[PDB]
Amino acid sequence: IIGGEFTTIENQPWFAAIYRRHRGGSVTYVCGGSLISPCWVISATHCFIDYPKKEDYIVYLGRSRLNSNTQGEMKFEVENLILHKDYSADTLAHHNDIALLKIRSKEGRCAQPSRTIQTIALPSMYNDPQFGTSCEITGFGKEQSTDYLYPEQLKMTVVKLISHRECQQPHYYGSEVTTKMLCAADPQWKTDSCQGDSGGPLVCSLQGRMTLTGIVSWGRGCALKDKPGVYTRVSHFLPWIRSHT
């Protein structure tokens, strides 16, 4: 997250931190995710496509820090890694960028809700907030493009949803952004998601309910003028999510 605010997991209790174990025992951070039911975390296919081996991955819930323990945190393995069959990537745009991770503890249990671990509501069909709506994003991704390490503390920021018409302008993304994608950015281009935030939530208060409207997917650079963050439009994928869970 470029700019924005340091946060803690109680403020973002659906947030899932996903890491990959390497041969030799080193563990690196991959991407964010969101808990949509006790056994299911939703993320982005692009985070796993090149290493699609579910045994490699560790998922934490209730975690506020990248490489230290948070009280109440819970550690999981991936029982099922489900990537979208029609995923593809162009030069900038990623398509069908959505993935589900069925999580289980070493004892075979799913998440136990607490003050720091909660599910986030899915949106209803064809129901997204109006452009101009302010929504939040959360993640452990880069704070500046010159960063070679991720921040140790979780971050969040607030961005505004941008219309499809605006996002398809020639100086934005033209026809590379589709109706299955949502653009969001800061009017001053000072805050944005960045590399490492992918897979994480774009949450909007929708009819008084905190809703998983988007999943961090792609964008040109980070907090670059006329280059919004692009998010998987979760509301388009409800049948896929329902069939695979």
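Residue indices: 1-based, along the sequence shown. Whichever C-alpha set is largest while still superposing within 1.5 Å between the two forms counts as the rigid core.
Take 120-128 and 75-83, fit the other structures onto the shown form by the rigid core, and average the C-alpha distances in 4 other deposited structures of this protein: the farther stretch is 120-128. For the pair 142-150 and 99-107, greater average C-alpha departure from the shown form in 4 other deposited structures of this protein after core alignment is found in 142-150. Here 11-19 and 231-239 are compared by their mean Cα B-factor, and 231-239 comes out higher.
For the segment pair 161-169 and 106-114, the entry gives 106-114 the higher mean B-factor, averaged over Cα atoms. Among 97, 143, 128, 136, the highest C-alpha B-factor in the deposited entry belongs to 128. Considering 119, 88, 91, 175 together, the PDB entry gives 91 the largest C-alpha B factor. For residue 75, the recorded CA B-factor ranks within the highest third of the chain. Only modelled residues enter the ranking. In the PDB entry, a CA B factor belonging to the lowest third of its chain's modelled residues is recorded for residue 192. When the CA B factors of the chain's modelled residues are split into thirds, the value for residue 46 lands in the lowest one.
Sorting the modelled residues of the chain by their CA temperature factor places residue 67 in the highest third.
The deposited CA B-factor of residue 182 belongs to the middle third of values across its chain.
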